[PDB]
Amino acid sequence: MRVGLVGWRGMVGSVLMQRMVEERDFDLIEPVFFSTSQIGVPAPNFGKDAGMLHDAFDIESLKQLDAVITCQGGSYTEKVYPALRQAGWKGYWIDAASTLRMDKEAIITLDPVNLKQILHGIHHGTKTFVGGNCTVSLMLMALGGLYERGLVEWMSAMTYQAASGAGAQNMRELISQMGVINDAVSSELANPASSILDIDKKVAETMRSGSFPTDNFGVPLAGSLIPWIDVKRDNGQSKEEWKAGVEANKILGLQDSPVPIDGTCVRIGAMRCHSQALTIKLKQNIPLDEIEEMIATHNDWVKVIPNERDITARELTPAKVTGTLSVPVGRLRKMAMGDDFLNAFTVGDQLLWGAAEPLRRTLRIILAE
């Protein structure tokens, strides 16, 4: 199989390349590397020679491929995808971008949750497979066991989203902001006799100053939070908030009778893990033990953490999860509202299950069929 790679040098693409090397995906394909900047020079060698860099915008070149995996983003997909399909290309388009998620000819791919749907699509002529929104994918990796059994009546999701969701430049800005905050008080910070209110005064002033680095976020992130992600929609949701309901229900094949999913999506000062605090309304009163089993046995990556302070502090955090494929879920308990209300808190890596991992897995599924 001849597989084109686009956006392999960017953040998501570089994670994908790392994972494809780790899993020896390249052993099974003929990789063709494309560039949006410079062509004709040697392609990256991740273990074997792959020839030259090809023109990412050349329709004839793309037409010769059996598949494309693109992490290049929405602008690229919009520019290339329609023309490529119009030109008669029937190969597999595997895409990280949101562009095609809700297209009638596309399947959103999260195989631990919807392998059956993916396989049906492959067998019946679906050629476009799109990774879902990071928060959606991470939530379903945590709660797939409940959703697959049709037990969720509705879910409120309040999120704690990392800088990586916005981009590499945003991550850099977050760290720079952290440095500027510390710089303001570093001389007196470690002196317990120094006025804590004077320290706070300087921190607040620094964060409010015009020179505080906020080009990417627009406002401070370090030391703060931003309770709005992406553009406004007419009903008052942000696009980030709206994505959950439409995408999860497409993944789950419930568009005719969707699970209402809503809440507030908040950016916080984390690098690359999204966390989510969930109010889950269940259709029945299920014992907590059974809920724990349903969740834990759904997939190999979900990890149900005992509901205890010390273990939670150590295991259920971005510090623990960053750069791993593990999806811990904890604080699992019935709520004051009733035995059909379930609290959950989950953490997941935005770049792995939330971006790169479903792309390589989809490739492997297509190969095996």
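The first residue of the sequence shown is number 1, and the count goes up from there. Take the two forms, find the largest set of C-alpha atoms that superpose within 1.5 Å, and that set is the rigid core.
Annotation: of the segments 43 to 51 and 316 to 324, 43 to 51 departs further from this form in 4 other deposited structures of this protein (C-alpha atoms, root mean square over structures and residues, core superposition). Taking only CA atoms, the mean B-factor in the PDB entry is higher for 78 to 86 than for the other of 223 to 231 and 78 to 86. For the pair 138 to 146 and 283 to 291, the mean B factor over Cα atoms is greater in 283 to 291. For the set 180, 277, 265, 102, the maximum C-alpha B-factor listed in the entry falls on 102. For the set 343, 61, 307, 324, the PDB entry assigns the largest Cα B-factor to 61. Sort the modelled residues of the chain by CA B factor and residue 269 lands in the lowest third. Ranked within its chain, residue 368 lands in the highest third, by CA B factor from the PDB record. Placement of the Cα temperature factor of residue 174 within the chain: lowest third of the modelled residues, per the deposited record.
Split the chain's modelled residues into thirds by C-alpha temperature factor. Residue 320 is in the lowest one. Annotation for residue 45: CA B-factor lies in the highest third of the chain's modelled residues.
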